[PDB]
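# Coordinate analysis (summary)
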Amino acid sequence: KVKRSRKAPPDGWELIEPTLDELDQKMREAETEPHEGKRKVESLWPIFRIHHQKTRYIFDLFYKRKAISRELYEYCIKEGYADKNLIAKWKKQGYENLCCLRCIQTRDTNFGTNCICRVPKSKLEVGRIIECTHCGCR
Amino acid sequence: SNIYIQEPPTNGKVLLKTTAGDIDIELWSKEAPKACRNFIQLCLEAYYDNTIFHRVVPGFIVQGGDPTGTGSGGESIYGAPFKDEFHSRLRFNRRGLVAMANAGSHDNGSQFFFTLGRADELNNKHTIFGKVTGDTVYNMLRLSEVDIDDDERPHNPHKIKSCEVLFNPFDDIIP
Amino acid sequence: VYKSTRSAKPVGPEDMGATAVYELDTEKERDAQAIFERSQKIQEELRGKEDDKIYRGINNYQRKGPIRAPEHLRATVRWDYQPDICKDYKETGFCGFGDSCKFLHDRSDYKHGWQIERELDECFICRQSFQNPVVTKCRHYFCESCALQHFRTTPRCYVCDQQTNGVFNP
Amino acid sequence: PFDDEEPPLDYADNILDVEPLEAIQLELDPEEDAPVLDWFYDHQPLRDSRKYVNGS
RNA sequence: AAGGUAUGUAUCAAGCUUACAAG
RNA sequence: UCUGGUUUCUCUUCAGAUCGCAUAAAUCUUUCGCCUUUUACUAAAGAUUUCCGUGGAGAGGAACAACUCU
Ligand SMILES: [Mg+2]
Ligand SMILES: [Zn+2]
Ligand SMILES: [Zn+2]
Ligand SMILES: [Zn+2]
Ligand SMILES: [Zn+2]
């Protein structure tokens, strides 16, 4: 797999490498499978889902658990195994169970608003099982 | 020149000695990893010795890898059948291609087949995992004798008497 | 049976044809540009020599010619399907332009290449069993007593009303 | 370098995990090329170093 | 590249077009 | 003792500068040159644009910004 930094990366990369290899293999399966039956845009939800879980694995492995050091964390970001941007929206206050960056962009939406994934379900109406059309669900 | 090989390079070769001669199938291990792992694993188990080629549609395919000999018995080294592994540069345009045999969904076992010609009806339906090294495509064209007795399965089908592994990528053990 | 060489190196080139060489003309050292270069060179070396008559070859007594092809370029090929044929003189025998017509004047309606491609992809009177099936003059095989009763009905035949003239045979 | 009727190669299953071969990379020795040695073959060479360049 | 193998009618599908207003 | 800010992203007009230490294509008006007519053309002048880029300016954040220029 392409590494693009010729680094011989620091430690402990050996204990996250089988995990990240599993997530990359599942992302290849979630990238390659056909789009028949899957309607138009539910066939692109799983790449956002597994991108979310990959960035969240490095996220809670570094900030929460404090297992990995800072240098390997910056390495995993600078290679491509995480977002530099989405952890910066996970660090902010009101939102760290976030779906992905498309439900924050207030001009992806036509009415100049944030998507209904990002609405507190307790204070929405009771039964509507809406799934965000961009990102996949709330 | 102008001839353009037009398919990805191979890695890993298995010589396979049937009664029609020696056939040296070389594998696309990177382009189809689980099926090639299946095939070198079973050849390394010597799973396919005395296995016959039980179906010949001459001009279209010749199937093998059924140690029961009826057309349904195949036991992968995954326990359950595994997934199809298609590729846009592996298509059924010619003879010498080798592909796992499916019954619909992601159902690939030991039962595989050679092609005997052009097989464009099988595109995106079967997992091509190897070609046959030339000067030994004629030994697997020996396998297409018009002896078929039926719509399939001629009188004395060729049996696989041995199965070498000429090159082994991705470390394994038999059972 | 063709026995294999039994080695693990695969079948073909290592570059997978990415240096395919186009070797359909005379090779580099025997090419006429190289012969011209040899003649040029040897006329440059012998300059102070004045007719030492060691003869050296044909040309050398004192880059044009057949020119060398680029080895590294396959030529992009089309098919020029569109035939130059007077439609008139093909299907009529008369062109109004005479011999000034810019097309061929052919009259052969042989198929084109694409047409060959797109064909290339594609008793009985009584209706009983034959109880002595017996004959008359003119091939009429009838059952025996049934045709006797037929003669009792009408003296001529049943198939085409031919005159039996009394003649009845097996 | 590719024949016709061959669709242009699909960068997911073809060369995504294929490693590249080697660039040209004239080898620089230390003790003479000591300042430029760490960064001389890099996409933008000094990009995240405020001493030598503007910024990003 | 056009300038030459005419164009003008009458029946017979995909291409393209909205997936709508509606007791 | 007090004074206290570089990056990065978007807008905001001004550009008079080798805005660019190099250099595209178009339109118009004339003379060329090939030319049979028209676009493809030629290669000089004049005057115009488009395009690939840049310079100084207001504002909004965010990025260690609290390290400290002052
Ligand atoms: Mg005219
Ligand atoms: Zn969300
Ligand atoms: Zn999302
Ligand atoms: Zn949403
Ligand atoms: Zn004519």
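Residues numbered from 1 in each chain as written, not as in the entry; some residues may be left out. Chains lettered and ligands numbered in written order. Part of a larger assembly, values for the part shown. Heavy atoms only, no water. Residues with missing side-chain atoms left out of burial classes, pairs and counts.

Method of structure determination, per the deposited record: cryo-EM was used for this entry, reaching 3.4 Å resolution.

Our next topic: the overall build of chain D. What chain D contains, in helices and strands, is zero helices and zero strands. Radius of gyration (C-alpha) of chain D: 19 Å, far over the 10 Å computed for a compact globule of 56 residues. Referenced to the eigenvectors of the C-alpha coordinate spread, the extents of chain D come out at roughly 50 × 30 × 20 Å. When the accessible surface of chain D is split by element, carbon and sulfur atoms take 56% of a total near 5200 Å². (Helix = DSSP H or I, 4+ residues; strand = E, 2+ residues; numbered from the N terminus. Rg over C-alpha atoms; globule rule 2.2 N^0.38 Å. Areas by Shrake-Rupley, 256 points an atom, 1.4 Å probe, with all protein chains shown as cover.)

Evaluated as defined, the whole model comprises 18 aromatic pairs over all chains. Ring centres of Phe39 of chain B and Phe112 of chain B lie 5.2 Å apart, and the angle between their planes is 80 degrees; this geometry places the pair in the edge-to-face category. On the criterion of sequence distance, the pair formed by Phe39 of chain B in helix α1 (residues 33-44) and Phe112 of chain B in strand β7 (residues 112-115) is long-range, its members being 73 residues apart. Look at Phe39 of chain B and you get buried, because its relative accessible area is 0%. On the numbers, 4.8 Å between centres and 35 degrees between planes, the contact of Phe40 of chain D with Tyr41 of chain D is tilted. A residue is classified by how much of its surface remains accessible, and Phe40 of chain D, at 37% relative accessible area, is partly exposed. Classification of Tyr41 of chain D as partly exposed rests on a relative accessible area of 39%. A network of ring pairs unites the aromatic residues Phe39, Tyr47, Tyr48, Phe53, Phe112, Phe114 and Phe129 of chain B as a single cluster. (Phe/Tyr/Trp six-rings, centres within 6.5 Å; stacked < 30°, edge-to-face > 60°. Buried < 20%, exposed > 50% of the residue type's maximum accessible area, 1.4 Å probe, protein only.)

Moving on, we get to the layout of surface pockets. Considered as a void within the structure, the largest pocket measures approximately 2100 Å³ in volume. Only α1 (17-32) of chain A together with α1 of chain B provide two or more residues apiece to the lining of the largest pocket. Among the elements that take part in the lining of the largest pocket, α1 of chain A stands out by supplying eight residues, more than any other. The class makeup of the residues in the lining of the largest pocket is 14 nonpolar, eleven polar and 21 charged. Considering only enclosed or pocket space, the second largest pocket measures out at about 1400 Å³ in volume. If you trace the second largest pocket, you find 31 residues lining it, with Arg4, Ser5 and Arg6 of chain A together with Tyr41 and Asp42 of chain D closest to the centre. Split by residue class, the lining of the second largest pocket holds twelve nonpolar, four polar and 15 charged. (1 Å grid on protein atoms, 1.4 Å probe; cavity = no way out; pocket = protein on both sides within 12 Å on 5 of 7 lines; lining within 4 Å. Points joined across faces, edges and corners; volume = space filled by probe spheres on them. Nonpolar A, V, L, I, M, F, W, Y, C, P; charged D, E, K, R; others polar.)

Glancing now at the coordination of the zinc ion (ligand 3). Residue and element names in this part refer to chain A. Every protein donor of the zinc ion (ligand 3) is accounted for by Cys99 (SG), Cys100 (N) and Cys135 (SG), and the metal-donor separations fall at 2.2 to 2.5 Å. As a motif over one chain, the donors of the zinc ion (ligand 3) read C-C-x34-C. A separation of 4.9 Å is found between the zinc ion (ligand 3) and the zinc ion (ligand 2), both of which receive a donor from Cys99. Highlighted residues: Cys100 in the segment after α4 (86-90) and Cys135 in the segment after α4, separated in sequence by 35 residues. Across this residue pair, the class does not change: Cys100 and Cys135 are buried. (Donors = N, O, S within 2.8 Å, 3.2 Å for Na, K, Ca; no water.)

Okay, the environment of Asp84 of chain B next. Residue and element names in this part refer to chain B. Here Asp84 lies in the loop between β5 (61-63) and β6 (98-100). Residues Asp84 and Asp149, spaced 65 residues apart in sequence, show a C-alpha to C-alpha distance of 32 Å. The contact partners of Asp84, leaving out residues within four places of it in the chain, are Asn102, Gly104, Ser105, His106, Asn108, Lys125 and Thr127. Here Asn108 takes part through its side chain, which lies 2.4 Å from a polar atom of the side chain of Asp84. (Contact = heavy atoms within 4.5 Å. Polar contact = N/O pair within 3.5 Å; in protein donor to acceptor, adjacent residues only side chain to side chain.)

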